[PDB]
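Visitor: Mind having a look at this structure? Questions to follow.
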Amino acid sequence: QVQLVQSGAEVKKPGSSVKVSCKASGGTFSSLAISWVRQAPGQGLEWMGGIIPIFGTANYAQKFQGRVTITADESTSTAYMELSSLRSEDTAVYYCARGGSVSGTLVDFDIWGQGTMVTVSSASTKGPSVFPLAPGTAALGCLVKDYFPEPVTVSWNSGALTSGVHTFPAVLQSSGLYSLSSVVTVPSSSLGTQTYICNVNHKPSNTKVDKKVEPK
Amino acid sequence: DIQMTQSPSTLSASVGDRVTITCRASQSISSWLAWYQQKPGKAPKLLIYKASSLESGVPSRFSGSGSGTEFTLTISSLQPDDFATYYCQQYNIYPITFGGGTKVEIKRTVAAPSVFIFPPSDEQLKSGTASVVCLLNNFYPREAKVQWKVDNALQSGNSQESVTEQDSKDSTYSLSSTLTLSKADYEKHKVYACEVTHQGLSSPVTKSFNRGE
Amino acid sequence: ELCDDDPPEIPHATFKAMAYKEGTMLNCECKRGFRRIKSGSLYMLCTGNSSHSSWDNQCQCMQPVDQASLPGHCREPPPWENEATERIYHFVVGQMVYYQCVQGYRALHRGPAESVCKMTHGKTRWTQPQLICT
């Protein structure tokens, strides 16, 4: 019944603060603890802290060194998590979660928010450059390079081609920009007749590229 | 802090199998342990609380046992919805801590990778950087090693890789590795090769190209 | 409108209101050695209209502005000088209070632990939170 709806993705510079919200939908907070747990890309879960609504009592993980503040607005059933002096290591999906019982903040988490991606980086918005990966079976693709922030989307032949497609997770380069590759295997006998197009969209920079991948 | 150690880190199983995941605490946590399931891009879901109490709405094929420092999560007769990562959590004392996760993946027959190598495009070369890409396609199991060589000189520190999740149709993995060089260094060498090690191959396979050929 | 009984006491737990309904009363109690002012109010009463709620008939035994709340509910009244350490509240029908185990105690009860004052069979009664703190 009760659900938790979190605020949208944030892109932040190092040294700044971020304030994420967690709103109860289809109910109220009651006195059940509202806690925050984060997960860095490809890593496990890490507890940050929790607050008891109405009572106002909050507990935090000492490793945050006072950088986390958790508050609750009982009238609007919204909890907030503010993380100050952001650094690249704070890049993570942040979740809010309700406690299973009125046992303070040392509880199991029975209801979770959908998550809020927070990216901390010195990089500025930049659309990708799209390079071809030129071709029994042939492999071809696109290298979607040097963009920021995530995400990019890739389709092939405007969605008409899905068989044999593999779109890899993006990697963060040492430059601070992301790179993503998307490939597809096709019959070599089709290369003289068919045109394969990778359609790349990067909504943060309003960039849209439809790259024909030609047999070099 | 209490350190929660989960094992195995990963396990391969089929629909119908029984899986046992273990969580060990560095100190006693009484029975204040919970288990969660998490699918990629989604929030964790509570399965069990207080070491053995099944959460409302969670199927009875999930059961938890343990006390003190040793706990297990057992899934009897695994179903397609159960391939996911599982985490344990202690809430005996602050700070609340989680285990490192156990990925439950689909067992299938061994499949050697189909390997492809791509030189940098002429369009990319026009901007001063060269990306050479090696593709390892539709292999099983996930363990695969890629080794880059330029004129037989082994490369280190100049490559990045990423792997897909198990394919929804054939349960294989695919991996892409990218070797990054300056256009100046790229034009100074001729042979570009990627050597792939995988248990489906009788010996490592090398795919290569000659620059300008 | 007042509930004769105080909300249920749960061993090793405390309760608190999120906001006080209109009609809630609070005794004008004073600290040891201090007495209630002559001809003064014996109770503060939460009142309201279409624009705001507030406490009427102020107690007497710091901040110049005592902000009103939105209609239908009052906030915790600010402390008055030489006030007793314990607050004696008298709630009305429809009032909800919320429970939490005291730190070091835990509940097997799943979900919210609340009590509401209801008018049942011509008399007021608080619902029983199904809460045990161990």
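The chains in the structure tokens are called A, B, ... from first to last as shown; in each chain the residues are counted from 1, and the ligands are counted from 1 in the order shown.
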When the cut-off is 12 Å and we count only C-alpha atoms, which residues of chain B are near chain C, given as JSON, numbers by chain?

Guide: {"B": [32, 49, 50, 53, 54, 55, 56, 91, 92, 93]}

Visitor: How about saving the chosen residues, N, CA and C atoms kept, as a tab-separated table (two decimals), in the first residue's frame?

Guide:
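Result saved to again-v2.tsv:
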```tsv
chain	number	residue	atom	x	y	z
B	32	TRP	N	19.33	-10.25	14.81
B	32	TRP	CA	18.96	-9.02	14.09
B	32	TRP	C	19.62	-8.95	12.74
B	49	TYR	N	13.23	-11.02	7.83
B	49	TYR	CA	13.74	-10.18	8.92
B	49	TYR	C	13.87	-11.04	10.20
B	50	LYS	N	14.66	-10.56	11.17
B	50	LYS	CA	14.93	-11.29	12.42
B	50	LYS	C	15.41	-12.73	12.16
B	53	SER	N	12.11	-14.74	9.93
B	53	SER	CA	10.70	-14.38	9.70
B	53	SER	C	10.47	-13.98	8.26
B	54	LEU	N	9.60	-14.69	7.57
B	54	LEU	CA	9.31	-14.42	6.17
B	54	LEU	C	8.42	-13.19	6.04
B	55	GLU	N	8.86	-12.22	5.22
B	55	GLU	CA	8.11	-10.99	4.99
B	55	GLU	C	6.81	-11.28	4.23
B	56	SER	N	5.74	-10.55	4.55
B	56	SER	CA	4.43	-10.66	3.92
B	56	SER	C	4.54	-10.51	2.41
B	91	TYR	N	21.28	-5.40	12.08
B	91	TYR	CA	20.75	-4.24	12.78
B	91	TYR	C	20.78	-4.48	14.29
B	92	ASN	N	21.84	-5.12	14.77
B	92	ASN	CA	22.06	-5.36	16.18
B	92	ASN	C	22.61	-4.05	16.77
B	93	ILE	N	23.64	-3.46	16.12
B	93	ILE	CA	24.27	-2.23	16.63
B	93	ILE	C	24.63	-1.28	15.50
```

Visitor: Per residue of chain A within 7 Å of chain C, what are the shortest atom pair and its distance in Å to one decimal, counting only C-alpha atoms, with rows by chain and residue number, as a tab-separated table?

Guide:
```
residue	atom	partner	partner_atom	distance
A:30	CA	C:112	CA	6.2
A:31	CA	C:98	CA	5.9
A:32	CA	C:112	CA	6.4
A:54	CA	C:18	CA	5.6
A:100	CA	C:111	CA	5.7
A:101	CA	C:110	CA	5.0
A:102	CA	C:100	CA	4.9
A:103	CA	C:106	CA	4.7
A:104	CA	C:100	CA	6.7
```

Visitor: Please measure the separation of atom CA of residue A:65 and atom CA of residue A:6, giving the value in Å to one decimal.

Guide: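 Going from atom CA of residue A:65 over to atom CA of residue A:6, I get 24.4 Å.
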
Visitor: Neighbours of residue B:6 within 7 Å (only C-alpha atoms; same-chain residues fewer than 5 positions away dropped), as JSON, numbers by chain?

Guide: {"B": [22, 23, 24, 99, 100, 101, 102]}

Visitor: Got time to write the residues from that selection, N, CA, C and O atoms, as an mmCIF file, in the first residue's frame?

Guide:
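That gives us again.cif:
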```
data_model
loop_
_atom_site.group_PDB
_atom_site.id
_atom_site.type_symbol
_atom_site.label_atom_id
_atom_site.label_comp_id
_atom_site.auth_asym_id
_atom_site.auth_seq_id
_atom_site.Cartn_x
_atom_site.Cartn_y
_atom_site.Cartn_z
ATOM 1 N N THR B 22 25.402 -17.880 2.491
ATOM 2 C CA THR B 22 25.816 -17.728 3.880
ATOM 3 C C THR B 22 26.248 -16.318 4.178
ATOM 4 O O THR B 22 26.870 -15.667 3.354
ATOM 5 N N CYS B 23 25.931 -15.861 5.382
ATOM 6 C CA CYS B 23 26.302 -14.571 5.902
ATOM 7 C C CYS B 23 26.948 -14.807 7.277
ATOM 8 O O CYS B 23 26.360 -15.453 8.127
ATOM 9 N N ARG B 24 28.177 -14.335 7.475
ATOM 10 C CA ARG B 24 28.881 -14.447 8.738
ATOM 11 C C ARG B 24 29.157 -13.055 9.287
ATOM 12 O O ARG B 24 29.570 -12.174 8.544
ATOM 13 N N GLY B 99 26.191 -7.165 4.064
ATOM 14 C CA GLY B 99 27.111 -8.100 3.425
ATOM 15 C C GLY B 99 27.423 -7.597 2.014
ATOM 16 O O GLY B 99 26.726 -6.722 1.480
ATOM 17 N N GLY B 100 28.467 -8.151 1.397
ATOM 18 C CA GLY B 100 28.908 -7.707 0.077
ATOM 19 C C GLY B 100 28.083 -8.138 -1.118
ATOM 20 O O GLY B 100 28.319 -7.674 -2.231
ATOM 21 N N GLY B 101 27.119 -9.015 -0.899
ATOM 22 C CA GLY B 101 26.239 -9.489 -1.948
ATOM 23 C C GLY B 101 26.634 -10.833 -2.507
ATOM 24 O O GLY B 101 27.820 -11.189 -2.509
ATOM 25 N N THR B 102 25.628 -11.597 -2.970
ATOM 26 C CA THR B 102 25.826 -12.874 -3.631
ATOM 27 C C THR B 102 24.961 -12.811 -4.882
ATOM 28 O O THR B 102 23.728 -12.705 -4.777
#
```

Visitor: Could you please select, counting only C-alpha atoms, the residues of chain B within 9 Å of chain A and state them as a ChimeraX atom specification?

Guide: /B:32-35,41-50,55,87,89-101,116,118-124,131,133,135,137,160-165,167,174-176

Visitor: Expressed in Å to a single decimal, how great is the separation between atom CA of residue B:201 and atom CA of residue B:158?

Guide: 25.4 Å

Visitor: Please report, as number ranges by chain, each residue of stretch 61-193 of chain B to which DSSP assigns strand (DSSP E or B) when run on this structure's backbone.

Guide: B: 62-67, 70-75, 85-90, 97-98, 102-106, 111, 114-118, 129-140, 145-150, 153-154, 159-163, 173-182, 191-193

Visitor: If we count only C-alpha atoms and set the cut-off at 8 Å, which residues sit around residue C:1, ignoring sequence neighbours fewer than 2 positions away in its own chain? Please answer as a PDB file with N, CA, C and O atoms, in the first residue's frame.

Guide:
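See selection32.pdb below for the written result:
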```pdb
ATOM      1  N   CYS C   3     -11.703  12.948  25.636  1.00  0.00           N
ATOM      2  CA  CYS C   3     -11.619  11.544  25.980  1.00  0.00           C
ATOM      3  C   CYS C   3     -11.286  11.521  27.467  1.00  0.00           C
ATOM      4  O   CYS C   3     -10.308  12.148  27.877  1.00  0.00           O
ATOM      5  N   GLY C  23      -9.778  21.595  20.254  1.00  0.00           N
ATOM      6  CA  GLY C  23     -10.452  21.044  21.425  1.00  0.00           C
ATOM      7  C   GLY C  23      -9.461  20.484  22.438  1.00  0.00           C
ATOM      8  O   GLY C  23      -9.811  20.308  23.606  1.00  0.00           O
ATOM      9  N   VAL C  92      -9.108  15.030  22.344  1.00  0.00           N
ATOM     10  CA  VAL C  92     -10.487  14.894  21.911  1.00  0.00           C
ATOM     11  C   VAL C  92     -10.682  13.703  20.955  1.00  0.00           C
ATOM     12  O   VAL C  92      -9.696  13.088  20.535  1.00  0.00           O
ATOM     13  N   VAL C  93     -11.945  13.356  20.637  1.00  0.00           N
ATOM     14  CA  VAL C  93     -12.292  12.278  19.704  1.00  0.00           C
ATOM     15  C   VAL C  93     -11.648  12.547  18.339  1.00  0.00           C
ATOM     16  O   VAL C  93     -11.691  13.677  17.847  1.00  0.00           O
TER      17      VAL C  93
END
```

Visitor: Would you return as a PyMOL selection string the members of stretch 3-209 of chain B that DSSP assigns to alpha helix (DSSP H) on this structure's backbone?

Guide: chain B and resi 122-125+183-187

Visitor: Quick one: write out the picked residues with C-alpha atoms as a short mmCIF file (atom, residue, chain, number, x, y, z; two decimals), in the first residue's frame?

Guide:
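New file result33.cif:
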```cif
data_model
loop_
_atom_site.label_atom_id
_atom_site.label_comp_id
_atom_site.auth_asym_id
_atom_site.auth_seq_id
_atom_site.Cartn_x
_atom_site.Cartn_y
_atom_site.Cartn_z
CA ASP B 122 39.29 7.30 -39.70
CA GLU B 123 36.77 9.85 -38.26
CA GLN B 124 38.18 9.35 -34.72
CA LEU B 125 41.82 9.47 -35.96
CA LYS B 183 47.11 9.00 -32.71
CA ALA B 184 50.93 9.53 -32.67
CA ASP B 185 51.62 6.18 -30.84
CA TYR B 186 48.95 4.39 -32.98
CA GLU B 187 50.65 5.45 -36.25
#
```

Visitor: Tell me, counting only C-alpha atoms, for each residue of stretch 86-107 of chain C within 12 Å of stretch 37-54 of chain C, which pair of atoms is nearest and how far apart they are in Å to one decimal, in rows ordered by chain and increasing number, as CSV.

Guide:
```
residue,atom,partner,partner_atom,distance
C:87,CA,C:43,CA,11.3
C:88,CA,C:43,CA,9.7
C:89,CA,C:43,CA,9.5
C:90,CA,C:45,CA,9.6
C:91,CA,C:46,CA,10.1
C:92,CA,C:46,CA,10.5
```

Visitor: Based on the selection just made, write C-alpha atoms of those residues as a CSV table (one decimal), in the first residue's frame.

Guide:
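again_21.csv was written with the following content:
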```
chain,number,residue,atom,x,y,z
C,87,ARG,CA,2.8,18.4,30.4
C,88,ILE,CA,-0.8,17.2,31.2
C,89,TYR,CA,-2.7,17.0,27.9
C,90,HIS,CA,-6.4,16.1,27.4
C,91,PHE,CA,-7.2,14.9,23.9
C,92,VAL,CA,-10.5,14.9,21.9
```
